[PDB]
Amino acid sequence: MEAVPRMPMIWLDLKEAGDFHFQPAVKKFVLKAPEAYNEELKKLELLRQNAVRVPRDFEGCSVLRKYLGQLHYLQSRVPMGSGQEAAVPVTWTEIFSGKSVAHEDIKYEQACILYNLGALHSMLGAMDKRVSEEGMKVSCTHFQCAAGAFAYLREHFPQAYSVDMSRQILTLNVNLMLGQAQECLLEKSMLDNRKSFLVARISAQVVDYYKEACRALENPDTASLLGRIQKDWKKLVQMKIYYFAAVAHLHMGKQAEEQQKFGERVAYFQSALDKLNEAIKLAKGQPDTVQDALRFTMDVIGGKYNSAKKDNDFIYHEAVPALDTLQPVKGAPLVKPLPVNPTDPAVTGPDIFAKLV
């Protein structure tokens, strides 16, 4: 129902930065050809400082993107990659273990900045209460942007500099973000009062994304890596899998009601009620926010089941079909990792190291 209290969302912490002393290496490199990019390096230093201590807001995303871009410009003028002559140590903290990990590679710095871009977007997406349509739309967009950052990171930084940025972990992050993005669209679909069948397809897709997320969290090696984060994330995700399965079948039941298929209607409502109860069991101990959403949905599905079974038992007398005989709901993918372009002039601005003569 459109008025259902909203589920909480998961967001990711930003990684903590160590040193990246690029200045002495850059100066030494350019002196190999007068006062060696001195003002230009000062600007970049300020940009890094702003980025590594980024304000946790929307403008902060711009800060991260601009620094990321200037890092690419520097990379192209001064060889600071792995094995290259002007490479210096880059140090960041691995977020799961708290270990300092160092690499003499400017791409490692780029990677961590891109990671924090994704993490910050995950934060911004999770802040609105999502009762407003725009709140849902903007939250959805942020989650797709977060997915976009992690996906770009996974594909274009394959070295996997630390365990928190491995392919498995980044894919988990992507699928979690896409799931939360699609969930925002489910909320919107109900606020917009779309066709019940469409709401079902959208909710079914939420389940699919969350299944893939839960899948990764159930990997024992991944689970031991994350520790209690895995336990914390999995509680919500697994609960949501049965919750949105219930929501899907609630609306397939509504479609049945619209099509005057009253046997089918009871079958779907019963399935939704069974699935919701399983979510409630799984939600034991979780915050009142989760409990309030489940309570609300229990009222809706419980009332509609009763009425549907009542009407069928007294009036329509239609056979209640097994679900396996019915056409299963196909998830509708409406979200994606939104493209990141590190060298987008719109976000980076002029190459800091532009040198006419």
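All residue numbers are counted from 1 along the displayed sequence.
The entry shows a gap from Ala33 to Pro34, with 4 to 9 unmodelled residues of the deposited sequence in between. As recorded in the PDB entry, 122-130 is the stretch of 178-186 and 122-130 with the greater mean C-alpha temperature factor. Taking the PDB entry as given, 74-82 carries the higher mean Cα B factor of the two stretches 74-82 and 239-247. Highest C-alpha temperature factor among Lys281, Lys137, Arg201, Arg154 per the entry: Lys281. Comparing the C-alpha B-factors of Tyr209, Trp233, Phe262, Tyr108 in the entry, the top value falls on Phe262. When the modelled residues of the chain are ordered by C-alpha B-factor, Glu16 sits in the lowest third. Sorting the modelled residues of the chain by their CA temperature factor places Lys254 in the highest third. Remark: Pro158 belongs to the highest third of its chain, ranked by C-alpha B-factor as recorded.
Sort the chain's modelled residues by C-alpha temperature factor and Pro89 lands in the middle third, per the entry. Sorting the modelled residues of the chain by their CA temperature factor places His142 in the lowest third.
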